[PDB]
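Q: Could you have a look at this structure, given as structure tokens, before my questions?
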Amino acid sequence: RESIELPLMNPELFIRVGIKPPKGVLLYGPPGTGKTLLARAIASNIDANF
Amino acid sequence: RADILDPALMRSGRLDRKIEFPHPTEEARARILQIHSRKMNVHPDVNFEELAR
Amino acid sequence: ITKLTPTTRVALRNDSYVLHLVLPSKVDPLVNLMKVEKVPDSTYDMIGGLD
Amino acid sequence: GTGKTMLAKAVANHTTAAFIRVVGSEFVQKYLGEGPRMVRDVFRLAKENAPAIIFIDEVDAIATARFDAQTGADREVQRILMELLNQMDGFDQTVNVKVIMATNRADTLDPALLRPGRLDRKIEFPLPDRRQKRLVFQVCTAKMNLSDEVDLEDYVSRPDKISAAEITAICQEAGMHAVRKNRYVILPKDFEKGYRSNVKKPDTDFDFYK
Amino acid sequence: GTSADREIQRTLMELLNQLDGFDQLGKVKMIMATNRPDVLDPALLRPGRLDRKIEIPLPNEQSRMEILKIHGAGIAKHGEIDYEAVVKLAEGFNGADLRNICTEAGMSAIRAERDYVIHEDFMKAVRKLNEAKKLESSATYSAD
Amino acid sequence: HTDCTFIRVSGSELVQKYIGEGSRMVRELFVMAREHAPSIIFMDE
């Protein structure tokens with residue numbers, strides 16, 4: 150959430166911090182970990198903006 | 322050869338039930354002869370179990 | 102015909118594809134390979150200490 | 211990972227010339243063979259415009275080492291590479307045109323492109339260790355708070371073989387950690403959570419070899 | 250090696266370029282997932298392309314119990330289902346594995362046509378799963 | 203000073219498009235030289 154949706158929430162916060170918001174985060178997980186489910190759920194923040 | 326199989330190929334969702342088929346030991350060894358010889362005509366002078374052993 | 106060098110360009114009509122004229126200087130593959138090489142042309146009087 | 215286009219885009223800023231920094235992967239257009247014509251058009255527009263300088267990023271993308279003269283798709287690419295070979299040698303030395311191509315790995319360098327008279331620029335980018343790693347850290351941390359006690363050289367002196375973006379990565383990661391911690395200044399401890407988080411390499415060097 | 254690796258590598262580089270190539274895609278970030286972080290190109294791991302690496306590990310005991318409870322929604326059972334025993338039994342199981350156990354619980358229940366699901370059905374499904382995965386590789390990951 | 207056809211090759215692949223389609227053997231260069239008799243051959247390390 151802080152990786153993707155926190156940036157769209159108030160990137161001015163990160164700017165005041167002094168660093169740019171996260172560019173892109175890749176998910177590391179042993180095979181059969183079910184990371185894909187994480188993204189399928191993250192699709193529950195816009196449902197049209199994904 | 323399940324060993325060469327990629328780890329992802331066996332990940333529950335892709336494949337759920339893993340069934341390994343072994344060779345008949347002694348009884349299925351005679352069942353195989355009975356089945357494959359279903360139409361073969363042989364006089365009653367063959368011991369299916371003996372050939373199975 | 103003899104003047105028409107094989108592996109060379111000559112003009113070609115469109116409706117007929119009949120010979121129209123020769124093509125002067127289309128290309129030399131060896132010259133192109135050498136140009137790609139870009140050899141540093143030198144001069145014998147510019148040879149350094151290897152008389 | 212030296213900020214690949216970092217120095218190049220830097221030249222684009224302080225320069226008085228127009229810039230053409232093209233990605234060396236955009237050359238393969240959809241239409242067949244049109245790529246070589248566009249490539250020629252690159253140098254044509256560059257010469258035509260003004261005393262300007264262009265960039266050809268990811269040169270290896272069009273600058274290969276071996277070609278497969280049966281795949282077709284490799285044929286047009288090799289021709290466009292020959293297209294650029296002709297264009298670069300298509301300078302009359304009178305035009306204020308110089309377009310800088312860039313490739314991250316020189317190992318697969320097409321000798322036709324770097325042949326003498328074609329490109330005279332040989333500028334490697336070693337990894338900053340102590341001379342720059344101090345300068346790099348100072349520059350990156352400039353817009354940080356680092357309230358009172360975070361010793362900048364304190365983590366620089368560590369061997370911590372790193373990369374030019376690695377310093378920036380550590381800086382951002384400390385920034386993100388502080389954001390999660392809502393520290394309006396970078397606490398000297400967050401530097402610890404950053405340096406070890408970004409240099410997470412499983413070297414596992416045995417001390418037996420010493 | 251290949252005639253597509255040229256084109257494939259070109260596609261990879263084009264994505265790399267479009268990521269932070271003389272232009273920032275602002276108001277939008279991209280999240281990718283990969284099982285093998287060791288076969289990742291050195292460029293994709295740079296700070297410009299890969300911002301941060303969040304690793305999802307195999308479920309913990311509490312994580313395994315939570316997953317079982319999530320998957321344990323539509324189970325017609327008797328009030329003796331001791332998930333704690335199964336959870337302690339579920340060692341090193343993968344995330345999808347819990348759903349597989351929950352499914353096999355019904356399959357065992359489908360056998361004998363037992364409409365309800367007993368605590369023994371899960372106890373046997375866990376044992377079957379623990380023995381099925383004996384042919385695995387056991388190589389989690391490496392983030393280098 | 204000798205006026206000879208200079209050809210120095212580094213074993214690249216772009217020049218292969220002018221020697222032959224496949225360049226099965228090393229006789230490809232000779233064909234280019236074979237008609238330009240006033241030629242010399244140079245090969246780098």
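Heads up: the sequence lines are chains X, U, R, Y, B and P, in that order. Numbering-wise, the authors' numbering puts 189 at position 40 of the first sequence, and it's gapless, one number per residue. Numbering-wise, the authors' numbering puts 363 at position 42 of the second sequence, and it's gapless, one number per residue. Numbering-wise, the authors' numbering puts 105 at position 4 of the third sequence, and it's gapless, one number per residue. Numbering-wise, the authors' numbering puts 265 at position 55 of the fourth sequence, and it's gapless, one number per residue. Numbering-wise, the authors' numbering puts 264 at position 15 of the fifth sequence, and it's gapless, one number per residue. Numbering-wise, the authors' numbering puts 205 at position 3 of the sixth sequence, and it's gapless, one number per residue. Note that beta-carbon positions come from the ideal geometry of N, C-alpha and C, so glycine has one too.
Going along the chain, which residues of its own chain have a beta-carbon closer than 7 Å to the beta-carbon of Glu363 (chain Y), five neighbours each way excluded?
A: Answer for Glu363 (chain Y): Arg344, listed in chain order.
Q: Does DSSP classify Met135 (chain R) as helix, strand or coil?
A: Helix.
Q: Alpha carbon to alpha carbon, how far is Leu217 (chain Y) from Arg276 (chain Y)?
A: Cα to Cα, the separation comes out at about 29 Å.
Q: Does the Cβ of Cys381 (chain Y) have 16 or more other Cβ atoms within 10 Å, making it buried, or fewer, making it exposed?
A: Classification of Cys381 (chain Y): buried, given that the 10 Å Cβ count is 16 or more.
Q: Would you report the Cα separation of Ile330 (chain B) and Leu307 (chain B), rounded to the nearest angstrom?
A: Taking the straight line joining both Cα atoms gives about 24 Å.
Q: Please report the Cβ distance between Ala345 (chain B) and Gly181 (chain X), rounded to the nearest whole angstrom; I am assuming they are in contact, meaning their Cβ atoms lie under 8 Å.
A: About 5 Å; that satisfies the 8 Å criterion.
Q: Measure the CB-CB distance between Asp267 (chain Y) and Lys214 (chain Y) and report whether it falls below 9 Å.
A: Cβ distance < 9 Å, so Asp267 (chain Y) and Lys214 (chain Y) count as in contact.
Q: Give a yes or no on whether 9 Å exceeds the smallest Cβ distance from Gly178 (chain X) to chain U.
A: Chain U, which has no Cβ nearer than 9 Å to the Cβ of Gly178 (chain X), makes this no.
Q: State the DSSP-derived secondary structure class of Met361 (chain U), mapped to helix, strand or coil.
A: In the structure shown, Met361 (chain U) sits in coil (DSSP, three-state: anything other than H, G, I, E or B).
Q: With 9 Å as the threshold, decide whether the Cβ of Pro343 (chain U) is near any Cβ in chain B.
A: So, not an interface residue.
Q: Identify every residue that forms a DSSP beta bridge with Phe208 (chain P).
A: According to DSSP, which records beta bridges pairwise, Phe208 (chain P) is partnered with P:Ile242.
Q: Can you tell me which of the three DSSP states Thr225 (chain Y) falls into?
A: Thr225 (chain Y): coil per DSSP, three-state reduction.
Q: For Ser386 (chain B), which residues in chain U fall below 8 Å Cβ to Cβ?
A: Result: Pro328.
Q: Closest Cβ-Cβ distance between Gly181 (chain X) and chain U: below 9 Å?
A: Taking Cβ atoms only, chain U reaches closer than 9 Å to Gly181 (chain X), which makes this a yes.
Q: Distance cutoff 9 Å, beta carbons only. Does residue 195 (chain B) sit that close to anything in chain Y?
A: What the structure shows of chain B is the stretch from 250 to 393, and residue 195 (chain B) is not part of that stretch, so it cannot be assessed.
Q: Using beta carbons (cut-off 9 Å, strictly below), is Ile164 (chain X) in contact with chain B?
A: Not an interface residue.
Q: Give the secondary structure of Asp393 (chain B) by DSSP, where H, G and I count as helix, E and B as strand, and everything else as coil.
A: DSSP places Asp393 (chain B) in coil when its eight states are reduced to three.
Q: Let me check you understand the geometry: is the CB of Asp339 (chain Y) closer than 8 Å to at least one non-hydrogen atom of the ligand FAD?
A: In the structure on display, the ligand FAD does not appear, and there are no ligands present to speak of.
Q: Taking Cβ positions, are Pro343 (chain U) and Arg352 (chain U) nearer each other than 9 Å?
A: Contact flag unset, no.
Q: Just to confirm, is the Cβ distance from residue 236 (chain B) to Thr378 (chain Y) under 9 Å?
A: With chain B represented from 250 up to 393, any question about residue 236 (chain B) goes unanswered, as that position is not in the structure.
Q: Specify, as a first and last residue, the run of the beta strand (DSSP E) that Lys302 (chain B) falls within.
A: Its beta strand (DSSP E) spans residues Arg301 to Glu304.
Q: Which residues does DSSP list as the beta-bridge partners of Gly173 (chain X)?
A: For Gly173 (chain X), which the question treats as bridged, DSSP gives the partners B:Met279.
Q: Using only the alpha-carbon positions, how far apart do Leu378 (chain B) and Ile350 (chain B) sit?
A: The alpha-carbon atoms of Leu378 (chain B) and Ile350 (chain B) are separated by roughly 7 Å.
Q: What does the Cβ neighbour count give for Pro291 (chain B), buried or exposed, with the cut at 16 atoms within 10 Å?
A: Burial call: exposed.
Q: Who are the near neighbours of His387 (chain Y) in its chain, counting only those whose CB is closer than 6 Å to its CB and skipping five residues on each side?
A: If we look at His387 (chain Y) and ignore the five residues flanking it on each side, its Cβ neighbours are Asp400 and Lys403.
Q: How is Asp317 (chain Y) classed by DSSP in three states: helix, strand or coil?
A: Residue state, collapsed to three classes: helix.
Q: Any idea if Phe265 (chain Y) is buried or exposed, counting beta-carbon neighbours within 10 angstroms, 16 or more meaning buried?
A: Buried, because 16 or more other Cβ atoms sit within 10 Å of the Cβ of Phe265 (chain Y).
Q: For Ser152 (chain X), return the contacting residues in chain B, with the cut-off set at a CB-CB distance below 9 Å.
A: Within chain B, the residues near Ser152 (chain X) are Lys278, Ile280, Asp300, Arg301 and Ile303.
Q: Tell me which same chain residues have a C-beta within less than 8 Å of the C-beta of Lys169 (chain X), skipping the five on either side of it?
A: Hits under 8 Å: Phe163.
Q: Check the DSSP bridge columns for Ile264 (chain Y) and list the partner residues they point to.
A: Paired residue(s): Y:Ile230.
Q: Going by the beta-carbon positions, is the gap between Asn343 (chain B) and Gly173 (chain X) smaller than 9 Å?
A: For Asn343 (chain B) and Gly173 (chain X), no; Cβs fall outside 9 Å.
Q: Whether or not the segment 289-304 of chain Y and the segment 243-255 of chain Y are in contact is what I'm after, with contact meaning three or more pairs of Cβ atoms, one per stretch, closer than 8 Å; do they touch?
A: Yes, the segment 243-255 of chain Y is in contact with the segment 289-304 of chain Y.
Q: In or out: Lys318 (chain B) buried (at least 16 other Cβ within 10 Å) or exposed?
A: Burial call: exposed.
Q: Compare the Cα-Cα distances from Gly341 (chain B) to each of B:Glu263, B:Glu310 and B:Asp393 and report the closest residue.
A: Of the listed residues, the one whose Cα sits closest to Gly341 (chain B) is B:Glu310.
Q: Provide the residue span of the alpha helix (DSSP H) that contains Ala334 (chain B), from first to last.
A: Unbroken alpha helix (DSSP H) run through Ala334 (chain B): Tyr332 to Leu338.
Q: Does DSSP classify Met331 (chain U) as helix, strand or coil?
A: Three-state DSSP puts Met331 (chain U) in coil, outside helix and strand.
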